[PDB]
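Topology and contacts: notes
Spelled out, the chains give:
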Amino acid sequence: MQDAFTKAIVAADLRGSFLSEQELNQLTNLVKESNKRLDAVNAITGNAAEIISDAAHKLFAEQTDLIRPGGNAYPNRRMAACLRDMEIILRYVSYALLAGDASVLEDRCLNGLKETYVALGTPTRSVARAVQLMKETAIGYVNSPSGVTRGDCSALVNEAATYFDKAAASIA
Amino acid sequence: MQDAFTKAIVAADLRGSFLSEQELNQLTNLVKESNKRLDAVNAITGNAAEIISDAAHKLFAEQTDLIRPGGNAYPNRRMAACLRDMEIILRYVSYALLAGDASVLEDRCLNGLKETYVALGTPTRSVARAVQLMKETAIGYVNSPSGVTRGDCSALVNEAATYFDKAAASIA
Amino acid sequence: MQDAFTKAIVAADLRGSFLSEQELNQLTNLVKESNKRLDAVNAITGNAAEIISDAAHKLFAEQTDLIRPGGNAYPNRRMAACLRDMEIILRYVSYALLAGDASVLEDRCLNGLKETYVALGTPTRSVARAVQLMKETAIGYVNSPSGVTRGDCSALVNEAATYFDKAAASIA
Amino acid sequence: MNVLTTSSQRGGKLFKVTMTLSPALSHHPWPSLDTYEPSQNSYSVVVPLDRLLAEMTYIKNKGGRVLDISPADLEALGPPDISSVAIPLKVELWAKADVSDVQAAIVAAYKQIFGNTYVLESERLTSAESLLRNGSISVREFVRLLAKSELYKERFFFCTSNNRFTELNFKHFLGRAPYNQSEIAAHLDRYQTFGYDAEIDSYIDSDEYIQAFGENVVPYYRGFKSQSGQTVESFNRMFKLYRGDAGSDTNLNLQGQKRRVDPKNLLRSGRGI
Amino acid sequence: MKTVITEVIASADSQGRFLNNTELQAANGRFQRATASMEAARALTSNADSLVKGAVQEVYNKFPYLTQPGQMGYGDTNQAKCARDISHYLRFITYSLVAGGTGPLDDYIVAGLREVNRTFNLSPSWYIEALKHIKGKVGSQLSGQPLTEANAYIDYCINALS
Amino acid sequence: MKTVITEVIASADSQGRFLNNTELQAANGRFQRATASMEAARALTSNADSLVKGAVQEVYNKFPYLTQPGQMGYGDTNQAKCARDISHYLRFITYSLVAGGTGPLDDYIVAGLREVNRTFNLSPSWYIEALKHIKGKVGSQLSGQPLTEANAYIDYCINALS
Amino acid sequence: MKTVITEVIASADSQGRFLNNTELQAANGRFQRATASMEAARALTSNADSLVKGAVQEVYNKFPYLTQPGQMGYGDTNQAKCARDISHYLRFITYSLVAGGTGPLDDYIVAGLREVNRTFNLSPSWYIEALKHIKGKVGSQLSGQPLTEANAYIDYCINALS
Amino acid sequence: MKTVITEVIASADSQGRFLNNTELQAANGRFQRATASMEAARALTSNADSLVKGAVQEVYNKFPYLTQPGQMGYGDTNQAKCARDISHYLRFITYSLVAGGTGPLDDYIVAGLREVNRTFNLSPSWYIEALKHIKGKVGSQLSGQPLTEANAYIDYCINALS
Amino acid sequence: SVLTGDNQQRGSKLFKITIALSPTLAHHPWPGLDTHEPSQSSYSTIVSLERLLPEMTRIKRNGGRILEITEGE
Ligand SMILES: *[C@H](C)[C@H]1/C(=C/c2[nH]c(/C=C3N=C(/C=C4\NC(=O)C(CC)=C4C)C(C)=C\3CCC(=O)O)c(CCC(=O)O)c2C)NC(=O)[C@@H]1C
Ligand SMILES: *[C@H](C)[C@H]1/C(=C/c2[nH]c(/C=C3N=C(/C=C4\NC(=O)C(CC)=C4C)C(C)=C\3CCC(=O)O)c(CCC(=O)O)c2C)NC(=O)[C@@H]1C
Ligand SMILES: *[C@H](C)[C@H]1/C(=C/c2[nH]c(/C=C3N=C(/C=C4\NC(=O)C(CC)=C4C)C(C)=C\3CCC(=O)O)c(CCC(=O)O)c2C)NC(=O)[C@@H]1C
Ligand SMILES: *[C@H](C)[C@H]1/C(=C/c2[nH]c(/C=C3N=C(/C=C4\NC(=O)C(CC)=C4C)C(C)=C\3CCC(=O)O)c(CCC(=O)O)c2C)NC(=O)[C@@H]1C
Ligand SMILES: *[C@H](C)[C@H]1/C(=C/c2[nH]c(/C=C3N=C(/C=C4\NC(=O)C(CC)=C4C)C(C)=C\3CCC(=O)O)c(CCC(=O)O)c2C)NC(=O)[C@@H]1C
Ligand SMILES: *[C@H](C)[C@H]1/C(=C/c2[nH]c(/C=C3N=C(/C=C4\NC(=O)C(CC)=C4C)C(C)=C\3CCC(=O)O)c(CCC(=O)O)c2C)NC(=O)[C@@H]1C
Ligand SMILES: *[C@H](C)[C@H]1/C(=C/c2[nH]c(/C=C3N=C(/C=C4\NC(=O)C(CC)=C4C)C(C)=C\3CCC(=O)O)c(CCC(=O)O)c2C)NC(=O)[C@@H]1C
Ligand SMILES: *[C@H](C)[C@H]1/C(=C/c2[nH]c(/C=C3N=C(/C=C4\NC(=O)C(CC)=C4C)C(C)=C\3CCC(=O)O)c(CCC(=O)O)c2C)NC(=O)[C@@H]1C
Ligand SMILES: *[C@H](C)[C@H]1/C(=C/c2[nH]c(/C=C3N=C(/C=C4\NC(=O)C(CC)=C4C)C(C)=C\3CCC(=O)O)c(CCC(=O)O)c2C)NC(=O)[C@@H]1C
Ligand SMILES: *[C@H](C)[C@H]1/C(=C/c2[nH]c(/C=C3N=C(/C=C4\NC(=O)C(CC)=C4C)C(C)=C\3CCC(=O)O)c(CCC(=O)O)c2C)NC(=O)[C@@H]1C
Ligand SMILES: *[C@H](C)[C@H]1/C(=C/c2[nH]c(/C=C3N=C(/C=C4\NC(=O)C(CC)=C4C)C(C)=C\3CCC(=O)O)c(CCC(=O)O)c2C)NC(=O)[C@@H]1C
Ligand SMILES: *[C@H](C)[C@H]1/C(=C/c2[nH]c(/C=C3N=C(/C=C4\NC(=O)C(CC)=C4C)C(C)=C\3CCC(=O)O)c(CCC(=O)O)c2C)NC(=O)[C@@H]1C
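Residues numbered from 1 in each chain as written, not as in the entry; some residues may be left out. Chains lettered and ligands numbered in written order. Part of a larger assembly, values for the part shown. Heavy atoms only, no water.

- Method of determination for the deposited model, per the PDB record: cryo-EM, at 3.03 Å resolution.

1. Topic: the UniProt feature "binding site: (2R,3E)-phycocyanobilin 2" (unreviewed entry) in chain E
Residue and element names in this part refer to chain E.
- According to UniProt, the feature "binding site: (2R,3E)-phycocyanobilin 2" (unreviewed entry) maps to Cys82 in the numbering used here.
- Inspection of the secondary structure assignment puts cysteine 82 in helix α3 (residues 76-99).
- Setting aside residues no more than four positions away along its own chain, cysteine 82 makes contact with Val56 and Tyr60. (UniProt positions renumbered as here; feature names shortened; annotations may be inferred. Helix = DSSP H or I, 4+ residues; strand = E, 2+ residues; numbered from the N terminus. Contact = heavy atoms within 4.5 Å.)

2. Points about the UniProt feature "binding site: (2R,3E)-phycocyanobilin" (unreviewed entry) in chain E
Residue and element names in this part refer to chain E.
- As annotated in UniProt, the feature "binding site: (2R,3E)-phycocyanobilin" (unreviewed entry) corresponds to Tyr60, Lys81, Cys82, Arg84 and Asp85 in the numbering used here.
- Take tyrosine 60: it is sitting in helix α2 (residues 21-62).
- Owing to a relative accessible area of 10%, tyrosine 60 belongs among the buried residues under this scheme.
- The residues contacting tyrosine 60, other than those within four sequence positions of it, are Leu66, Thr67, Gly73, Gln79 and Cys82.
- Its place among the elements puts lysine 81 in helix α3. (Buried < 20%, exposed > 50% of the residue type's maximum accessible area, 1.4 Å probe, protein only.)

3. A few points about the sheet that holds strand β2 (residues 42-47) of chain D
Residues and elements named next belong to chain D.
- Pairing within the open sheet is antiparallel, and its three strands lie in the order β2-β1-β3. With partners counted over all chains shown, the strands left at the sheet margins are β2 and β3 (65-71), one partner each. Pairwise comparison of adjacent strand axes, ignoring direction, gives a mean angle of 20° for this sheet.
- Here six bridges tie strand β1 (residues 15-20) to β3, and the two strands are oriented antiparallel to one another. Bridging from a neighbouring strand, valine 17 pairs with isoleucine 69 of β3. (Pairing = 2+ DSSP bridges. Axes fitted to C-alpha atoms, helices over the stretch in contact; angles between N-to-C directions.)

4. Digging into the site of ligand 11
- Residues in contact with ligand 11 amount to 22 residues; listed here are only the nearest, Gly73, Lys81, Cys82, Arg84 and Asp85 of chain G.
- This site is not confined to one chain, since residues near ligand 11 come from chains C and G.
- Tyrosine 60 of chain G has a polar side-chain atom sitting 3.5 Å from an oxygen atom of ligand 11.
- In this structure, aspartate 85 of chain G approaches ligand 11 through a side-chain N or O atom, which is 2.9 Å from a nitrogen atom. (Near = heavy atom within 4 Å. Polar contact = N/O pair within 3.5 Å; in protein donor to acceptor, adjacent residues only side chain to side chain.)

5. As for the nonpolar core
- Counting 157 residues, the largest nonpolar core has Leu98 and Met134 of chain A together with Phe114, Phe142 and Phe173 of chain D as the members making the most contacts within it.
- The leading source of residues in this core is helix α2 (residues 21-62) of chain F, at 17 residues.
- With 116 residues, the next largest nonpolar core counts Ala4, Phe5, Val31 and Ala40 of chain B among its residues. (Core = buried A, V, L, I, M, F, W, Y, C linked by side-chain atoms within 4.5 Å.)

6. A short note on the environment of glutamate 50 of chain B
- Within the fold, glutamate 50 of chain B resides in helix α2 (residues 21-62).
- By relative accessible area, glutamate 50 of chain B is classed as partly exposed at 43%.

7. Side note on the packing of helix α3 (residues 76-99) of chain A against helix α4 (residues 103-110) of chain A
Residues and elements named next belong to chain A.
- Packing of α3 against α4 leaves a shortest axis separation of 8 Å and a crossing angle of 160°. Taken together, the axis directions place α3 and α4 in an arrangement best described as roughly antiparallel. Handedness of the crossing formed by α3 with α4: right-handed. Contact with α3, carried on its side by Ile88, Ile89, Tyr92, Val93, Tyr95 and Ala96, involves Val104, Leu105, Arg108 and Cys109 of α4 and no other residues of that element.
- The residue makeup of the contact of α3 with α4, split by class, is nine nonpolar, no polar and one charged. (Parallel < 35°, antiparallel > 145°, perpendicular 65-115°, else oblique. Left-handed = near helix turned anticlockwise from the far one by under 90°. Nonpolar A, V, L, I, M, F, W, Y, C, P; charged D, E, K, R; others polar.)

8. Regarding a negative patch on the surface
- A surface patch of like charges, here negative, comprises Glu106 and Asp107 of chain C together with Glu71 and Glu73 of chain I.
- Secondary-structure assignment places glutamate 71 of chain I in strand β3 (residues 66-71). (Patch = residues over 30% accessible without salt bridge, like charges linked within 9 Å, V, L, I, M, F, W, Y side chains within 5 Å. Areas by Shrake-Rupley, 256 points an atom, 1.4 Å probe, with all protein chains shown as cover. Salt bridge = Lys/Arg side-chain N within 4 Å of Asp/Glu carboxyl O. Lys, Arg positive; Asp, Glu negative; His and termini not counted. Charge placed at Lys NZ, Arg CZ, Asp CG, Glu CD.)

9. Focus on the site of ligand 7
Residues and elements named next belong to chain D.
- Neighbouring ligand 7 are the residues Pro23, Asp34, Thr35, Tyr36 and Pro38.
- Here an oxygen atom of ligand 7 and a side-chain polar atom of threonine 35 are 3.2 Å apart.
- One nitrogen or oxygen atom from the main chain of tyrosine 36 is found 2.9 Å from an oxygen atom belonging to ligand 7.
- Look at ligand 7: alone it shows 860 Å² of surface, and the protein chains cover 25% of it.

10. Thoughts on the interface of chain A and chain F
- Between chain A and chain F, the residue contacts involve 35 residues of the former and 33 residues of the latter.
- Joining chain A to chain F, the criterion identifies four salt bridges.
- A salt bridge links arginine 108 of chain A to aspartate 13 of chain F; the nearest nitrogen and oxygen atoms lie 3.9 Å apart.
- The interface formed by chain A and chain F contains eight residue pairs in polar contact.
- A breakdown of the residues in the side of chain A that touches chain F according to their chemical character gives 19 nonpolar, ten polar and six charged.

11. Considering helix α1 (residues 4-15) of chain C
- When the terminal C-alpha atoms of α1 of chain C are compared, their 18 Å separation across twelve residues agrees well with the 16 Å that a helix rising 1.5 Å per residue should span.
- By the burial criterion, the buried members of α1 of chain C are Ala4, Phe5, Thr6, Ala8, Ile9, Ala12 and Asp13 of chain C.
- Summarising the contacts, the buried residues of α1 of chain C are in contact with α2 (21-62) and α3 (76-99) of chain C together with α1 (4-15), α2, α3 and α4 (103-110) of chain E.
- Directly after α1 of chain C, the chain includes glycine 16 of chain C, whose backbone phi takes a positive value near 95°. (Expected span 1.5 Å × (residues − 1).)

12. So, the UniProt feature "binding site: (2R,3E)-phycocyanobilin 1" (unreviewed entry) in chain A
All names here are of chain A.
- The positions that UniProt labels "binding site: (2R,3E)-phycocyanobilin 1" (unreviewed entry) are, in the present scheme, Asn35, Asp39, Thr149, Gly151 and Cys153. Considering the C-alpha atoms alone, the annotated residues occupy 119 residues of sequence yet fold into one spot, their largest mutual distance being 12.0 Å.
- Take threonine 149: it is sitting in the loop between α6 (124-143) and α7 (154-171).
- Look at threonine 149 and you get exposed, because its relative accessible area is 74%.

13. Some details on the UniProt feature "binding site: (2R,3E)-phycocyanobilin 2" (unreviewed entry) in chain A
Residue and element names in this part refer to chain A.
- Per the UniProt entry, the sites bearing "binding site: (2R,3E)-phycocyanobilin 2" (unreviewed entry) are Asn72, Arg77, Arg78, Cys82, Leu83, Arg84, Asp85, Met86, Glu87 and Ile88 in this numbering.
- Assignment of secondary structure puts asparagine 72 in the loop between α2 (21-62) and α3.
- For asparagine 72, the residues in contact, after removing those within four places along its chain, are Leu66, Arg78, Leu120, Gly121, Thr122 and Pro123.
- As for its placement among the helices and strands, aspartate 85 is situated in helix α3.
- A relative accessible area of 13% means that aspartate 85 is categorised as buried.

This is the structure we're talking about:
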């Protein structure tokens, strides 16, 4: 697997060189943000259940047909699958967020997912919508916690977004 | 597994010594007999089917109850097993005969056979009997071939016997 | 599995009670020693290869016969095993040392070890000896390191001993 | 599709391109809206290296998009020989096994359990080997330790998706390929709730295991030869899952862990649930 | 039982390798954090009771009908149980903080949670409120990292329950 | 590549569960340590060369016969290689410090070490000395935790080599 | 133990089939060869000692520094060992010739060779020379097939060692 | 296909090792025997026909009723088949001799023998006689090892049939 | 089979089960009626409490019956 640190290493390796001082300073600062980074993750994990629950409600309100007989979410078993899928995507996203790298996410979570959905007949599009729905709710928590020292999380927030979006895109 | 040669080696090893000249002369002569040895084996294998067929007939003529309802060779299913077993034992015996050593026979075939038979309720006695019946028939062939160079096979014949007997004994 | 903390918990659980303040103070102080604890472990792991190498040399100088034909450490194959085993035991001991609890060591490693050794014909006595030889060498490093803040490690050193000894005893 | 010549009359490596056709790219000469013909939704042409650039751009500039490109030498190659997997071979570990016989079961177990994937000396597992050969562990139990090992998770499970890891498991633990989406779905769910250890157990625990290569027989390739309750497609799947000898399952290759068995093929053999 | 320390051992063990620097780093993390964790536990342990009363109570306000006759909230036995239960959860939460892992929670509370609750018709919802109410109170007695820790664990249950 | 961060993800992933408090604790550990680790790397990176010269050299003192004609140490090509090699090990060690795990070391250096060395008849011993000599020098430029870290990793190789 | 005879039995046994012509053909091959093999063994057995002396010696010429104090070749104990070892290899080689398979070699010498050698820092190289020197001497006392056989086995070890 | 040569390769291959002395010994066996084997084949090939006639015939003597109308032996078609078959059996036996293994026999004749025979109600017995009668004739044209070989293979089928 | 150490890497309380063995449970890879090994009519395997239920159920449906259960330790 890979993450922010490891990555930079690898790059350096192919040049055949010790790390640039400049490059260290990327990592040095990355460290400093850790604490912020962590809390971000913590927030997602803490609210997981909810995030999904929420997103689902909205997805079904929008695309009524999903829950109608003949739709992809019907019946129960299919509905359960749809909920399960949302969780899986989320879980990975979180992982990435901690790593500070998309890779992990791109590998197990998404590589191949789109094709599966097409064969199944689940509308890749609808799933993508849900991924976004999730995104927004999630950010909601990341960005509005309680008992944390107040400061700027934007940097992290955006990176979070990106992860969600890579997801949305590759699925779609 | 083990055989005549390997064995002698192992012994020698524990003493920590080169092979004694005396000991070589066992193996040297063993080689010389090879050709005879081989033909012996060949004779069994060639006649296998028959050997068994024969032995069985005789076994069942003697112990009529085995094939009666309530006996151990009834019904078909069981009968089949019983035939199969006889064969196996034979197979091993042959193996040994070639190796020039009981081991293979004892380890992969005989060991624990008795107890199995007991647990099942198979009468070990009868099994043993069958083995002998086989023995006699087998020797019959080993000892009376056609188109082989005429000579004395006794030495081999006896060793053959012994193998059969170890079988009979351990089963019984 | 188990370790110092978890253990105390479990005890508390059966009484059905919150942890006593007294009991917390065991753990509180245990924490404080952490740093010492860690370095101890680090020292073993760092020197692992050597520890063994050393112990072995001494073991074989003493019990010459192990390496003689007919002995238990001969031939190569066996020797290899014997080295491997020593290492394993070590590995576990270390684990315990970190956990702050014998359990892990007893359950994963020691349990059934004696009987194995017996069945094989491995002389348990000698095994035990080796474990001690290791012990002494190991302590050697734990207690004489480089770059570490000077202070008292005794407490840890003794606990280390105990682990080694449980090993020695149960094997023996 | 089959390509009939590897190289153009003028020297030039032919490449086989596959595209999703679009109405603009080819259309019937009828009145009314332009339609391509349905049977050629995925069209394939073989182009020399020289025309490849222009051909690909034209495809993309229209609504087309390139499913994949592949050298025509690799394509237009024999389907893998099944000689070695038609009759697997089969290894039994007897009780009171010789030093050598235990070795030979260990090797066989690595080869089957890990795909032709190579296992380095540092990767190999002394501890689980140690248990076999003094008794205490079955062949079946050793196999369960391998599929619990990190080495196994690193290759097959941590890089690829669960949907691929499933078939990848079906191959290693049972010769068979997967048959019907139902199977893939059940494993995915079991993994979500029970987790990775339970999933692994469920293959070794399952009745096909034990009914075949029950205990103390290293698992061997059952597929490629007709099995009970095995859809025919499954036999073709096996040809996708198993490419040759000295073909592996590698995380190491470019985009290493993809799905050999297209999800639409599974749905053919049985769709429902 | 899953704690930081147990896990790294486990991972090391599976690999078949000595604990190297990688794992120790991790361990170190657990120990540094402990100081905060421990503090939180001392705080919960002390106010236990009061938290419990408040919670139980809350639940009833939230779900009045429970206290009506023929319901579950009704008749002292049930109330006693309800109390007990919440108290048990708190004890495990304190245990977890100290152990430095979800371990204790997982094994006592979480595993089998669903089926128990199904067979006895305990509605997760209830428990949840209890917890939430608690969380709110805890959000006064504690502050900074100590607080953060307390939350994490409390939540972990919410998520498991839901 | 095994670093603290990758591992906990892996473990979390296998069980099929969210990263909970347990793992974050571990992560935290890695980050706190980094400051020391990073320092050590800056120190090695700077003195690289000098360390290398000194090491290569040492080896020859230790094993005079290597420099004799018909041996491995003999003729510049080999010397060049010998230099190169030591530098590669150092580069991975610097990478490891920064990555906060043995990962980089394992994958580049360690895996396949034996067979390479066997087929080309490189004697582990040599490398070892190199390292030791290094360790000794490093034992001046560094101090406290930074030092400790440097050692850990250097050793880790000694053990792998032997 | 792997010899021709054991193997065919094994193969026969696995399939669950009687020894048929196929296997006997193989057997015939062995035992025909034996006459040459046996001869070779008688020759090695007799000159054992002398071969050993010569070998040990050789090694020292080849690697002078070994005999210097503080080295491995130095001090009688080590010399004794060195002798012992070479003698063991020879005994297994004689055993193999007679057994008519590599079996004896594999199980005593080869299996675990590497790790033993690693942990005690025995350099394969040495052994090799020993063998080579031997091979050279044997290349006088023997001739034709007997010789060929002797070589095969001697080499087999060279390859295993390297 | 199972021949001596293929097998040793297979065994070598499984263990993952080069062909060492062990296997070559075996191979040698196959080659030396071939001279006899080959001779036998030339003899059978030549007299084929005559053997076949004699056999078919025999069968009828042995089982008169077969030639009666409404039976299987009756009407030329069947006789033709009967001839064909025995000729096929003979051809496979000749093939095996040359290949130096049962291989050819196993794959063509033996595998699936039973079920074929069951579904078409071919009585093994018949074939057997054919073979036996053959064996008897062959027992004149051949002698010594050539003969021995011929027998082995002929029998191998008898056993498979029965 | 006497446990040389805790077999299972994943850790719970471990129990030693001894079973009478049907031919089905451990059929040999042989032609004709498959035969469980003679040497071990009674296989004996240590099992984690977690895997104990499955193992028993699978043993049950297969002919073989549990001779005796004993805690591994
Ligand atoms: C929910 C947001 C939307 C939705 C989901 C949905 N999925 C399925 C069925 C499956 N999903 C998968 C996909 C995966 N394979 C993997 O490896 C992973 C993890 C990386 C995933 C997520 C698979 C294999 C299936 C097949 C069956 C199963 O449950 O596993 C369904 C059920 C429909 C069907 O099975 O045909 C649904 C509903 N689709 C929607 O309608 C939502 C918008
Ligand atoms: C960002 C979305 C939100 C935010 C975060 C924020 N956090 C801190 C500081 C800390 N947060 C933690 C949390 C952890 N550290 C760990 O090791 C773990 C795992 C057990 C956690 C959960 C810690 C310890 C700190 C340091 C002390 C503190 O609480 O302040 C800050 C301060 C700035 C900085 O860290 O450089 C900030 C800004 N604040 C926001 O704006 C969001 C609510
Ligand atoms: C035949 C002469 C007598 C006889 C045989 C018989 N055996 C069984 C059952 C078994 N026999 C064996 C023997 C072996 N199995 C092996 O694997 C080996 C080689 C290593 C041997 C020699 C075994 C294991 C069984 C049990 C399982 C099986 O079905 O094979 C039966 C049937 C017992 C039953 O009740 O099913 C019989 C009849 N018993 C007689 O009646 C004959 C005198
Ligand atoms: C002994 C039970 C009966 C017997 C045997 C016998 N055989 C020979 C000689 C040979 N037998 C063989 C046979 C083989 N050699 C092989 O390599 C194989 C497998 C492919 C076989 C089966 C051979 C080749 C010989 C050598 C000479 C020959 O052509 O026969 C003898 C003669 C003594 C000797 O060993 O030289 C004997 C006595 N013959 C009997 O009458 C016994 C009842
Ligand atoms: C070395 C100091 C002594 C010695 C060791 C020795 N051990 C074996 C064989 C084994 N030892 C073990 C040990 C373990 N099994 C486990 O599960 C664990 C704990 C988790 C350990 C450490 C086992 C399993 C075996 C059997 C399998 C194997 O090949 O190792 C031997 C070889 C026995 C043989 O004759 O083949 C030896 C030599 N014996 C000595 O001579 C030293 C005193
Ligand atoms: C005990 C056998 C010897 C000894 C130990 C000792 N260590 C310290 C202090 C520390 N040791 C460490 C080491 C680590 N902390 C980590 O997080 C890791 C893993 C990456 C390690 C290896 C640390 C950080 C400290 C604190 C700072 C320091 O090094 O001083 C002490 C000082 C007392 C204390 O408890 O802090 C001591 C005594 N010293 C000896 O003399 C013994 C031979
Ligand atoms: C209408 C009842 C339903 C429907 C049809 C629909 N089809 C398309 C697009 C295509 N349909 C075809 C069909 C054919 N092409 C052929 O040549 C033939 C006969 C030989 C058929 C039957 C094809 C190939 C296309 C794609 C390319 C093209 O335009 O020809 C659409 C539009 C799909 C799009 O997104 O472009 C639709 C809507 N779908 C419905 O909504 C109805 C249920
Ligand atoms: C060496 C001359 C060149 C080279 C080779 C190379 N190979 C790999 C990886 C693999 N190589 C194979 C090869 C085979 N698999 C087989 O089973 C057989 C025949 C039975 C062969 C020959 C396989 C399976 C792999 C994949 C698994 C593995 O980990 O090796 C690599 C490594 C690829 C990677 O990116 O990890 C290399 C380097 N490459 C060179 O540099 C030489 C020109
Ligand atoms: C409180 C919010 C509500 C309530 C609870 C209540 N619980 C039960 C019965 C049980 N509750 C539990 C819960 C636990 N027992 C444990 O050991 C653990 C793990 C530490 C937990 C979480 C259990 C197991 C039971 C079942 C039987 C028992 O005696 O434990 C009841 C009784 C319901 C019944 O007996 O059917 C009640 C009422 N009581 C209230 O007033 C609230 C609505
Ligand atoms: C220095 C102590 C001695 C020395 C070294 C030396 N090395 C080689 C050849 C190689 N060295 C390596 C080492 C590495 N290459 C890698 O890829 C890695 C991981 C980053 C390492 C550790 C390798 C692989 C080779 C072999 C291939 C190559 O050409 O690089 C030699 C040459 C020996 C030969 O060509 O057979 C030498 C001499 N030089 C000395 O004189 C010291 C005794
Ligand atoms: C001779 C070229 C050099 C030499 C050798 C030497 N060997 C050792 C120690 C061991 N050598 C072996 C080798 C074997 N023992 C066996 O039983 C077998 C298989 C049958 C072999 C090949 C082993 C196992 C050892 C380990 C301990 C032991 O002596 O049994 C040493 C001693 C090194 C030490 O300090 O332990 C030496 C010196 N002696 C020389 O002088 C040459 C350089
Ligand atoms: C001769 C002793 C008796 C006899 C034979 C006979 N055979 C068949 C039919 C078949 N014979 C075979 C045999 C083979 N064909 C092969 O390819 C091989 C393997 C190389 C063998 C051994 C087969 C396969 C058949 C079935 C298909 C076919 O039609 O050939 C018959 C006809 C049976 C029918 O129902 O059609 C007969 C009569 N005929 C005699 O007169 C003897 C009693």
